[PDB]
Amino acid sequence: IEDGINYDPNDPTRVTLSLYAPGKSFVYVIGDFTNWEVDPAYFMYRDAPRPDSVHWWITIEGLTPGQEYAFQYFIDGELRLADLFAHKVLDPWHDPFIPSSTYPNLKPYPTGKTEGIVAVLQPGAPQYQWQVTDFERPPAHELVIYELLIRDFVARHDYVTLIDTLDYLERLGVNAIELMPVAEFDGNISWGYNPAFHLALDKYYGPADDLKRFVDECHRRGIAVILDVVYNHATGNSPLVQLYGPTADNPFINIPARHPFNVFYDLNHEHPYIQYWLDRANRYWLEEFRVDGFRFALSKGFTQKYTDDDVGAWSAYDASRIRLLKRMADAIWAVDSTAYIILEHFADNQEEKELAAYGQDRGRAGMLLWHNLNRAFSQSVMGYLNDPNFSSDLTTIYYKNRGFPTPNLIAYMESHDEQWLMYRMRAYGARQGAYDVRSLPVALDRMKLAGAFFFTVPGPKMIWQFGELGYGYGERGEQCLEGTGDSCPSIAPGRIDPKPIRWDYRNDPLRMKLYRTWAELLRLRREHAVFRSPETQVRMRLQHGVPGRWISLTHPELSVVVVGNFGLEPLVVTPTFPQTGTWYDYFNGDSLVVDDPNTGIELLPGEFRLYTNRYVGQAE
């Protein structure tokens, strides 16, 4: 028996319920099967081998196979608690706003019979029949991740509609989709970082069997699914907060929070029960939904070290935090030894290297770390390469330039937390004579240039929905993310508010040229190990204040030189080619004779070229 809702795989008429709650006096289960009455038949047993090891349990018999039943734990005659480990809840405040087209035949809340969120159990639930048997998840260091917010990716905000986008995403060339948080969050409209029931699937994105269908369809196409998951904190509607209240006596939480950038109730990751709950949650999402791994939101928050409001002190090497993340990783990898462990960390490099290295001596991939290059790419595509406050240096895109021995950094130009590059170019872009980065066609060309200096570099990569169509700025500047330092127009939505959905951008040939350029770069990357391999030898000229930029890659199967003009006027850019001879322009189909490794190439502002040391075809 574990805490939560324990089905009997051989008896669909019963369930065993178990709650961890030291310090309580008595518990009744109330629910549909008690007619929401307090009944002595539903008085829970107290199992208390030690005062800090108290579990309340009962076996409920005589249920109808396949029927849903709402229930709560009614504790001490004063607290009505939905199970911490519920996989579905009914929310009386927000469920009325979920269309039947989003969640067909949604069980009505027991209005007037109880109050607060209720848990749902369903013995003998019909089982989704998984179709894909032989899916091989991409190597962790080869991930090309599409970060997706279901709320703002499709107007219907649901799993069944996501399935209809997979031809578009597969053609773009990503090999993983990262869903922003799908676990039950307060309300319906959210980015998802207000989790209430961390093992329940939020019903506003549709039923669980539709997420299973989505994962199965991704797997059919060779695409992994990563879940963004939020374990730093819990809202006031979490049973971790409600069981003892937001009080000094609640051992699960920290008030005040132990570190900066906390929201809601900071959790105590040193508490053995929080470790149990975390492990249960990671195991559940892997086992039930067959997802390929997790992006751990605010993993730097997994510590009891007190740094108050000191971000520098928080980001410093924290041995306690490293222990807790290795402990969590051991439990994940005991469930599934190749599950992705992705940290949204932003700790000092000493700590990040140690987390990346963990398990590699035992055949594990190590942990992957978010690597934010939004500001450096922003400066680079805006055409401001000499700002003393905002570096344009892209050198650290390659893992060895960040001091890492292995490709465990997920670089991104964009994430849901960062400004759109297209906003920055259209809002602030540089100009010289006739060349204006604020002009939409010029800005789209600079995103092609940015892609050529991003998708070509070994190690995993992430892109944020619709960057490939030039999302940002929009009609008048409304496509602007608040809270990045930029003063968004008055017409922009709030940072966390719904953003415009613009699939009509597929009908703009200029925006589709950007999509097709990124798709062609990702096809090159898929087809040629040079772009992906930890054995690739990399040289680069991506420094701050250098407009004439280049990357060289050498590998046994292919050598590559990427050249780009991040300036505002025509420029001769002189890469060091790794070998003399004839090189082949992949996009333009022409040749380049290199008889001096230092060969100058005149480029228009915003232009890139990609050369290979042998003919490998042409962009379509």
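Residue positions are given as counts along the sequence shown, with the first one as 1.
Mean CA temperature factor is higher for 384-392 when stretches 384-392 and 516-524 are set side by side in the entry.
If you average the C-alpha B-factors over 176-184 and over 364-372, the higher value belongs to 364-372. Residue-level inspection of the entry shows that, of 262, 105, 479, 190, 105 has the top Cα B-factor. Within the listed group 211, 540, 274, 148, the record reports its top CA B-factor for 540. Among the modelled residues of its chain, residue 499 has a C-alpha B-factor that falls in the lowest third, as given in the PDB entry. The entry lists a Cα temperature factor for residue 344 that places it in the lowest third of the chain's modelled residues. The entry lists a Cα temperature factor for residue 56 that places it in the middle third of the chain's modelled residues. Among the modelled residues of its chain, residue 15 has a C-alpha B-factor that falls in the middle third, as given in the PDB entry.
Split the chain's modelled residues into thirds by C-alpha temperature factor. Residue 474 is in the lowest one.
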